[PDB]
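So the structure is just underneath, and the comments pick up after that.
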Amino acid sequence: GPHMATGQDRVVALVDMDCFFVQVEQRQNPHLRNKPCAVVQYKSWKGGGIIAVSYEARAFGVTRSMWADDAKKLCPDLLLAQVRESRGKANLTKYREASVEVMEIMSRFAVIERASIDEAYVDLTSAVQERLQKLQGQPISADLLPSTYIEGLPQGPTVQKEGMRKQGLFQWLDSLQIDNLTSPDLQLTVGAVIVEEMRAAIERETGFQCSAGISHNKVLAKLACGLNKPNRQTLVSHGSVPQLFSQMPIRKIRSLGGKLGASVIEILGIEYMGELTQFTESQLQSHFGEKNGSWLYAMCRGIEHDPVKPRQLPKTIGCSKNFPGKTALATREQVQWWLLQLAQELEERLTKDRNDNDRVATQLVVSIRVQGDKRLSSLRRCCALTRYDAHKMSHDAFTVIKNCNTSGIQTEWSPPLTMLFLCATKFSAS
DNA sequence: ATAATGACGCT
DNA sequence: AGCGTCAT
Ligand SMILES: Cc1cn([C@H]2C[C@H](O)[C@@H](COP(=O)(O)NP(=O)(O)OP(=O)(O)O)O2)c(=O)[nH]c1=O
Ligand SMILES: [Mg+2]
Ligand SMILES: [Mg+2]
């Protein structure tokens with residue numbers, strides 16, 4: 001009762017760029033704007049595998065992982081841009097640099113956690129505090145929230161999207177407890193005002209559109225972000241959670257998209273996140289373990305405590321290439337030459353990293369996959385990273401895997417290698 | 001025959 | 001240390 005802790009302590013946003021790789025290519029090539037288009041890599045195999053799809057092309061059913069030859073059958077006017085290739089592999093530099101543009105702008109507003117190349121969580125608790133003080137006690141106008149959705153509103157006794165959005169925003173703002181700087185709903189509202197400002201800044205200064213979720217934790221902010229894509233932001237209040245989760249499939253919640261989520265569904269005999277509330281914490285801990293049990297108990301009530309970590313820089317820098325099917329590497333010099341390609345890209349990226357960020361990696365991780373073997377990595381081995389020298393790194397990486405070579409013949413490699421992966425890790429102040 | 005990456009848990 | 005899960 002007077003002591004129940006309701007997970008309303010923070011204001012957290014998740015900002016995610018809309019069809020990001022497509023937007024980067026579309027800013028550079030105006031002929032691609034506002035058309036169905038996709039970004040692909042490796043043109044030689046069925047037109048390339050699609051890794052990003054504009055919303056106009058999604059309306060025809062084009063999805064990521066589709067072959068471009070197959071996507072053209074769904075969308076004959078689909079326009080393509082292809083990832084740069086360097087040293088015989090995909091080169092994502094252009095998108096990393098675009099990502100840096102966005103991240104630096106978000107960093108001006110608050111502490112951000114870089115979560116992927118195109119999204120970052122934002123901890124707005126302090127910033128909300130400040131703006132509440134600066135704003136006398138004056139109402140929050142709907143004009144401050146021109147792209148915001150209030151999830152679950154409108155309710156109670158218009159046929160177009162923007163009309164619904166406004167009605168719900170009006171209902172929310174009409175109900176707001178403005179003379180109450182402690183109310184979690186007021187805090188989220190002010191957080192949403194700031195995220196409008198952050199997204200306007202991103203669009204003005206980069207040309208890129210994005211969406212955002214605003215809620216009290218990372219999981220809800222990420223869920224909310226996807227509710228009204230593209231180019232829109234969604235506020236998910238604590239109060240919206242029971243109805244939102246009542247028909248929310250379990251797999252849609254961050255970290256439940258895989259085997260854990262599948263076992264939650266099968267073991268408990270449930271479909272929706274809200275049905276989790278019927279189980280005691282001990283019961284959930286008995287099926288899924290102490291931390292997963294506790295996490296599920298709180299999460300299905302809308303409560304989650306994972307912090308927004310102050311980290312804008314990756315912890316690792318890695319290069320990898322697949323060699324599927326008959327292209328699997330089978331001679332030792334083939335293995336050596338690719339390791340050298342990977343090491344040369346890694347040297348470039350590390351040197352830049354050291355200049356910009358004043359740190360050095362100190363460990364090199366070599367990972368390979370074998371023909372027939374099932375998993376992402378078949379095998380990982382590590383060694384010291386003492387010099388950003390591509391030839392040393394590729395030689396060292398070879399040294400530590402070369403006795404994986406089951407092959408008798410002096411010049412062959414068996415089993416064939418279907419993946420090579422070099423990763424620099426364990427950064428330290430430089 | 002998606003691919004290329006990245007964060008982190010378990011042991 | 002080396003492996004497994006989950007994600008974009
Ligand atoms: C999912 C996914 C995305 N990406 C690259 C390009 C995507 O544009 C960049 C950002 O990912 P996202 O936010 O999951 N997808 P999106 O930005 O293209 O589209 P949306 O507007 O966010 O739904 O992901 C991959 O390279 N492999 C992937 O598996
Ligand atoms: Mg995105
Ligand atoms: Mg994303």
Side-chain angles (χ1 to χ4, degrees), chain A residues 12-29 32-42 48-68 71 75 78-85 89-103 105-106 112-122 147 149 195 198-199 202-203 206-214 218-234 251-255 257-258 308 312 314 317-322 376 419 421:
Chain A
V12 175
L14 188 274
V15 179
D16 189 281
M17 315 298 304
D18 304 330
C19 55
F20 182 46
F21 287 16
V22 166
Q23 280 198 89
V24 172
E25 302 296 345
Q26 279 173 327
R27 179 182 71 177
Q28 170 193 320
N29 185 344
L32 302 177
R33 294 169 181 186
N34 306 294
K35 302 182 186 301
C37 70
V39 176
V40 301
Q41 52 187 16
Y42 299 137
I50 291 176
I51 74 175
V53 192
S54 79
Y55 281 77
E56 298 89 348
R58 299 185 196 187
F60 290 84
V62 178
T63 59
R64 136 191 81 87
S65 107
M66 259 183 204
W67 299 119
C75 173
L78 180 69
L79 303 178
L80 308 178
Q82 64 201 62
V83 171
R84 182 184 290 142
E85 262 183 63
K89 72 177 291 291
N91 175 351
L92 304 174
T93 304
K94 189 198 297 178
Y95 314 113
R96 292 185 181 105
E97 298 173 331
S99 181
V100 163
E101 292 175 65
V102 173
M103 301 294 181
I105 295 161
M106 291 182 297
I112 76 145
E113 170 181 344
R114 187 219 181 256
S116 81
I117 198 177
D118 93 308
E119 70 214 72
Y121 295 92
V122 192
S147 65
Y149 279 77
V195 176
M198 176 173 337
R199 296 179 44 244
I202 287 161
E203 187 176 18
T206 70
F208 301 144
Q209 289 186 351
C210 61
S211 302
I214 305 100
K218 291 161 73 168
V219 175
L220 285 188
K222 172 63 168 180
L223 188 56
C225 188
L227 290 177
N228 287 286
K229 270 176 163 280
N231 193 34
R232 296 285 182 274
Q233 63 185 60
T234 306
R251 70 187 170 264
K252 302 305 189 177
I253 270 68
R254 182 219 103 194
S255 71
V308 178
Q312 196 167 337
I317 296 194
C319 305
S320 67
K321 187 181 178 44
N322 290 335
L376 251 71
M419 193 269 299
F421 160 108

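Worth knowing before you read on, the calculation uses all heavy atoms, side chains too, and leaves out hydrogens, waters and symmetry mates. In each ligand, atom 1 is the first atom listed, and ligand 1 is the first ligand listed. Throughout, protein chains are lettered first and strands after them, A, B, ... in sequence-line order, and every chain is numbered starting at 1.
Residues A/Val308 and A/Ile112 share a closest heavy-atom pair of CG1-C, 4.3 Å.
The protein atom (non-hydrogen) at minimum distance from atom 11 (O) of ligand 1 is A/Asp118 OD1, 3.6 Å. Closest to atom 4 (N) of ligand 1, if we only count protein heavy atoms, is A/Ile51 O, 4.1 Å. The single protein non-hydrogen atom nearest to atom 21 (O) of ligand 1 is A/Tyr55 OH, 2.6 Å, given as residue, atom name and distance. Scanning the protein heavy atoms around atom 2 (C) of ligand 1, the nearest turns out to be A/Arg64 CD, 3.8 Å.
Distance alone, capped at 3.5 Å, places no donor-acceptor pair between the A/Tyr149 side chain and the A/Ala224 backbone. Checked by atom type and distance alone, the side chain of A/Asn231 never pairs as donor or acceptor with a backbone atom of A/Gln209 at under 3.5 Å. Panel note: side chain A/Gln26, backbone A/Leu32; a donor-acceptor pair is recorded below 3.5 Å. Counting only distance, with no hydrogens or angles, the side chain of A/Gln23 and the backbone of A/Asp18 share a donor-acceptor pair below 3.5 Å. Between the A/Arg232 side chain and the A/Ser211 main chain, no donor and acceptor come within less than 3.5 Å of each other. Using a distance-only test at 3.5 Å, with no hydrogens or angles considered, no donor-acceptor pair links the side chain of A/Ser54 to the main chain of A/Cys19. Under the 3.5 Å distance criterion, the side-chain polar atoms of A/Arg84 are left unmatched by any main-chain donor or acceptor of A/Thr93. Using a distance-only test at 3.5 Å, with no hydrogens or angles considered, no donor-acceptor pair links the side chain of A/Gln41 to the main chain of A/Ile51.
Heavy-atom neighbours of A/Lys252 NZ from other residues, nucleotides or ligands within 6.0 Å: at or below the threshold of 12.
Checking only distances, A/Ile117 never comes within under 3.5 Å of ligand 1, N or O to N or O. In terms of polar-atom proximity, defined here as any N/O pair under 3.5 Å, A/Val53 makes no such contact with ligand 1.
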For a side chain to side chain donor-acceptor pair (under 3.5 Å) check, start with the C-alpha distance between A/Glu25 and A/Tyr95, then their side-chain angles and the critical distance, and finish with the verdict.
CA-CA 9 Å; A/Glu25 302 296 345; A/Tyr95 314 113; 2.3 Å; yes

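When the Mg ion (ligand 3) is compared with the N/O/S atoms of A/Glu119, atom OE1 turns out nearest. A/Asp16 contributes OD1 as its N, O or S atom closest to the Mg ion (ligand 2). The Mg ion (ligand 2) sits nearest to atom OD2 when only the N, O or S atoms of A/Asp118 are considered.
Counting heavy atoms closer than 4.0 Å to ligand 1, residue A/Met17 contributes backbone atoms (N, CA, C, O) but none from C-beta onward.
Within ligand 1, the atoms closer than 4.0 Å to a non-hydrogen atom of A/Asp16 are 13 (O), 22 (O), numbered from 1 in the order shown. For ligand 1, the atoms sitting less than 4.0 Å from at least one non-hydrogen atom of A/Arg58 are 18 (O), 19 (O), 20 (P), 21 (O), 23 (O), numbered in the order shown with element in parentheses. Close approach to A/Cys19 involves these atoms of ligand 1, each under 4.0 Å from a residue heavy atom: 16 (P), 17 (O), 18 (O), 19 (O), 20 (P), 21 (O).
Under the 4.0 angstrom criterion, atom 27 (N) of ligand 1 counts as lacking any protein heavy-atom contact. Distance screen at 4.0 Å: atom 13 (O) of ligand 1 has a protein heavy-atom neighbour inside the cut-off.
Using a cut-off of 2.8 Å, one finds that A/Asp18 contributes no N/O/S atom close to the Mg ion (ligand 2). Coordination check, A/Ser116 versus the Mg ion (ligand 2): failed, since every N/O/S atom of the residue sits at 2.8 Å or beyond.
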